[PDB]
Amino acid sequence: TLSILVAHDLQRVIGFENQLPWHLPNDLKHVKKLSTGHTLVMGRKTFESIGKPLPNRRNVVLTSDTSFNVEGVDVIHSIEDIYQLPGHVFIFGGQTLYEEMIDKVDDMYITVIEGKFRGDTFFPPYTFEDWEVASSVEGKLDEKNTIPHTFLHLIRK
């Protein structure tokens, strides 16, 4: 399976100055549950924003840098390399990778953050004309989770 995994706001912001614009522990839990024991594929910049691989899953980084080597990280140098990765593979960011992959994925797991944040990086536009809502689950508001959010699972029609 090839899936997108993304959190974006009401205007499809995903990032600002190499960081997530919001703090939402519930969403990190959602990522952990979905991707543990599977594979994440991310662009070089997304990886460096996090700085280290996420535990208990395969971390694959896409870069043109032939010197790129990080312990606990597998490197690929082409989009075509993604299709040869076994198991459930989640496209994990950022903007460039999403733009390259949105047309190709089976599936999207989107956390819609119901706010308008300042951003410099964006998820590409998409229409529900192309995507069936497999599930839509409201995130629970919390002392630690104070932004309304909805977990969408979208499947290509």
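Just count from 1 along the sequence shown to find any residue number.
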Test of understanding: from the entry's C-alpha B-factors, which stretch has the higher mean, 36 to 44 or 114 to 122?
36 to 44
Decide which of the stretches 105 to 113 and 58 to 66 has the higher mean C-alpha B-factor, going by the entry.
58 to 66
If you rank the chain by CA B-factor, which third does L141 end up in: lowest, middle or highest?
highest
State the tercile, meaning the lowest, middle or highest third, of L28 with respect to the CA B-factors recorded for its chain.
middle
Can you tell me whether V89 has a C-alpha B-factor in the lowest, middle or highest third compared with the other modelled residues of the same chain?
middle
